[PDB]
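# Topology and contacts: notes
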Amino acid sequence: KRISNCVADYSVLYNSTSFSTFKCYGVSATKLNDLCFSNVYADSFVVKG
Amino acid sequence: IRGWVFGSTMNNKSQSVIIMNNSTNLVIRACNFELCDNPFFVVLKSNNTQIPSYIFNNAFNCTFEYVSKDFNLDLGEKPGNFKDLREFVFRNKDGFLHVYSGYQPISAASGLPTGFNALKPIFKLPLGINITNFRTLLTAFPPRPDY
Amino acid sequence: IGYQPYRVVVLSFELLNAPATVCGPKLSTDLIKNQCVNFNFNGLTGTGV
Amino acid sequence: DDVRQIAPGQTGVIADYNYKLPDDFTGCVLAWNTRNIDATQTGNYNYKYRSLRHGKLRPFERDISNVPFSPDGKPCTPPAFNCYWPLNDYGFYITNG
Amino acid sequence: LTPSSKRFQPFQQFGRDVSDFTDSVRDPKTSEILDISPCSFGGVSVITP
Amino acid sequence: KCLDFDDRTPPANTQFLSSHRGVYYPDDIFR
Amino acid sequence: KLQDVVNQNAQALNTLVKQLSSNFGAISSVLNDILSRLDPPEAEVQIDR
Ligand SMILES: *[C@@H]1O[C@H](CO)[C@@H](O[C@@H]2O[C@H](CO)[C@@H](O[C@@H]3O[C@H](CO)[C@@H](O)[C@H](O)[C@@H]3O)[C@H](O)[C@H]2NC(C)=O)[C@H](O)[C@H]1NC(C)=O
Ligand SMILES: *[C@@H]1O[C@H](CO)[C@@H](O[C@@H]2O[C@H](CO)[C@@H](O)[C@H](O)[C@H]2NC(C)=O)[C@H](O)[C@H]1NC(C)=O
Ligand SMILES: *[C@@H]1O[C@H](CO)[C@@H](O[C@@H]2O[C@H](CO)[C@@H](O)[C@H](O)[C@H]2NC(C)=O)[C@H](O)[C@H]1NC(C)=O
Ligand SMILES: *[C@@H]1O[C@H](CO)[C@@H](O[C@@H]2O[C@H](CO)[C@@H](O)[C@H](O)[C@H]2NC(C)=O)[C@H](O)[C@H]1NC(C)=O
Ligand SMILES: *[C@@H]1O[C@H](CO)[C@@H](O)[C@H](O)[C@H]1NC(C)=O
Ligand SMILES: *[C@@H]1O[C@H](CO)[C@@H](O)[C@H](O)[C@H]1NC(C)=O
Ligand SMILES: *[C@@H]1O[C@H](CO)[C@@H](O)[C@H](O)[C@H]1NC(C)=O
Ligand SMILES: *[C@@H]1O[C@H](CO)[C@@H](O)[C@H](O)[C@H]1NC(C)=O
């Protein structure tokens, strides 16, 4: 799915969802709030543990 | 000069640390303080004695405590020019309050005397508190009650 | 836990190379010119005139 | 799920508002499960965490205040709209994952 | 290890030279300052037909 | 408790020069 | 012979400028791109290169 024209404020994800895995490659997590992203896509699926 | 109070809001809505030095020993207390808007010590000028005074009203939810060894301090008023210069450096980093201290005998009547002095590290307090503001604690010499 | 379902979302993007429509939460300021400033442009930070 | 956030350079509700490690941290981190001790059938709510805060906490900095939180930033009362309590309780049950 | 004339303050345990090499240390059991020196100090050449 | 002082002069924030003061030992290494 | 001397001096300085676009095992030669994207620990590895 394509994402465009939005503010990526993941603080709203707090208190709603809890991630067992969260790993970023090519970027820093603490740097996520100060950046602007281009051609961002979200891939969704389900696997086993 | 007896010490300082360091805190973000300077009331009981946040933690503050007091490094006051009472007449007997140095007390470092990081606690949730209901700080008085005008905190002071009181030593009677004629008597040269320290009587109890209030820096804070109440204390609770409080974390850090340290009491120094007993020592004697001279409360008497003194004549002449300024005799002592006490230099401190306070740094707040990584949850630690670094205190560096130095002492020098001076005879200046006014202003800050020029010179060079290397301060040695005396304290590294593990407080972990947000410090954005501070207030000095000075003793008072009331000649007459109510004044 | 090895055989329990896990939902996976993979976000892909590019940084500081193309126009960006998705941005982190930041307050923009007025454009100052002919002065030495610390600038941030779509996540690209630096110092200059 | 919050144990992974106890590490230098991490982001999350714990790393931002509860506990942060320095980038140059020297030491060791130890964690162990305590479902038998800290969890109950009726649920254990004695443990809390800060979920709302205006700014991220600094390394090895602590915030034990309990002040109502407004996204605008002005003081407010809990019954008022857009005014919340910053601390949320962990719900620890025996049957939890 | 040789006895040292260096005077350590109570908050100092190690000393370094201009090369950042640890050349002085306060012994833990007996608070005496010792001098650390390299074991190699030889200028050696070999003459052969 | 919480006694107040009345009729106080404003400090006026006098300024002076630091000179060469304020230097402290940066670490615990003997040099 | 005099022209050859001035040509070499200008060529050396222009080679110095063009070598700033050089990566040395790093993700990018742009210092601002690295600093806008990585933490001080992760940027330290790239900046040192
Ligand atoms: C300056 O501050 C220090 C630290 O607060 C004061 O020392 C403390 O004084 C209190 C009251 O005298 C002591 O509490 C007493 O402890 C004894 C047992 O040791 C107990 O029998 C009494 O009923 C009372 O609880 C406290 O221990 C003492 N702390 C230490 C270790 O110094 C000091 O008196 C202050 N001096 C002034 C008022 O200038
Ligand atoms: C925290 O500080 C506030 C403000 O000083 C305290 O509120 C005062 O409480 C005293 C004693 O009940 C009253 O006489 C004052 O009139 C109150 N002032 C205000 C502005 O409300 C509060 O009680 C303190 N809380 C604790 C636990 O120390
Ligand atoms: C220390 O306390 C001050 C005051 O509470 C904090 O300053 C606030 O910072 C947030 C986020 O930037 C702002 O939204 C508030 O408006 C600020 N308040 C004031 C009055 O300055 C500061 O962030 C705290 N520092 C830390 C890291 O704990
Ligand atoms: C720590 O323990 C060592 C070993 O017991 C002490 O060294 C000896 O101390 C005694 C009494 O001063 C001397 O008679 C011996 O000759 C010492 N032996 C050595 C190894 O030199 C040392 O003094 C103790 N230090 C402290 C901190 O008490
Ligand atoms: C989570 O936060 C929302 C506000 O964004 C609040 O309405 C809700 O009660 C909170 N708790 C939940 C969803 O358990
Ligand atoms: C998803 O929506 C449901 C129903 O409103 C809600 O109970 C749940 O907490 C939501 N979870 C997230 C990830 O927000
Ligand atoms: C002077 O100090 C002593 C000891 O604190 C006290 O007993 C006495 O009452 C004081 N006198 C005055 C002038 O208050
Ligand atoms: C101390 O903190 C706890 C938890 O936030 C709070 O319940 C308590 O009321 C605080 N102290 C007092 C006596 O106000």
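See the structure shown above.
Cut-offs used in this document
- Residues numbered from 1 in each chain as written, not as in the entry; some residues may be left out.
- Chains lettered and ligands numbered in written order.
- Part of a larger assembly, values for the part shown.
- Heavy atoms only, no water.
- 1 Å grid on protein atoms, 1.4 Å probe; cavity = no way out; pocket = protein on both sides within 12 Å on 5 of 7 lines; lining within 4 Å.
- Points joined across faces, edges and corners; volume = space filled by probe spheres on them.
- Nonpolar A, V, L, I, M, F, W, Y, C, P; charged D, E, K, R; others polar.
- Contact = heavy atoms within 4.5 Å.
- Buried area = accessible area lost by both parts, 1.4 Å probe.
- Salt bridge = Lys/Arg side-chain N within 4 Å of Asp/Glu carboxyl O.
- Polar contact = N/O pair within 3.5 Å; in protein donor to acceptor, adjacent residues only side chain to side chain.
- Helix = DSSP H or I, 4+ residues; strand = E, 2+ residues; numbered from the N terminus.
- Disulfide = S-S within 2.5 Å.
- Buried < 20%, exposed > 50% of the residue type's maximum accessible area, 1.4 Å probe, protein only.

### Observations regarding the layout of surface pockets
All names here are of chain B.
- Put simply, the second largest pocket is a space of about 1700 Å³.
- In terms of lining, the second largest pocket is formed by 37 residues, of which the most central are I1, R2, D84, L85 and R86.
- For the lining of the second largest pocket, the per-class residue count stands at 21 nonpolar, nine polar and seven charged.

### Description of the interface of chain B and chain F
- Each partner contributes residues to the interface: chain B has 22 residues there, and chain F has 15 residues.
- Taken together, the two surfaces of chain B and chain F that pack against each other cover about 1700 Å², and 62% of this comes from carbon and sulfur.
- Linking chain B with chain F are one salt bridge, by the criterion used here.
- For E87 of chain B, the salt bridge identified is with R21 of chain F, shortest N-O distance 3.0 Å.
- At the boundary of chain B with chain F, the tally comes to eight residue pairs in polar contact.
- For the side of chain B that touches chain F, the elements supplying multiple residues, two or more each, are β7 (84-93), β8 (96-105) and β9 (118-126) of chain B.
- Among the elements that make up the side of chain B that touches chain F, the one with the highest residue count is β9 of chain B (four residues).
- Of the residues in the side of chain B that touches chain F, the class split is 13 nonpolar, seven polar and two charged.

### Overview of the state of the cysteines
- Evaluation of the coordinates by the stated rule reveals four disulfides over all chains.
- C36 of chain B shares a disulfide with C2 of chain F; S-S distance 2.0 Å. In this structure, the disulfide formed by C36 of chain B and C2 of chain F twists by about -110 degrees around the S-S bond and is classed as left-handed. Placement of the pair is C36 of chain B in the loop between β3 (27-35) and β4 (40-43) and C2 of chain F in the segment before β1 (23-24), with the two residues belonging to separate chains.
- What makes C36 of chain B buried here is its relative accessible area of 1%.

### What about unusual backbone geometry?
- A positive phi is found at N61 of chain B, a non-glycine position, where the angle reads about 30 degrees.
- Here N61 of chain B shows up in strand β6 (residues 56-67).

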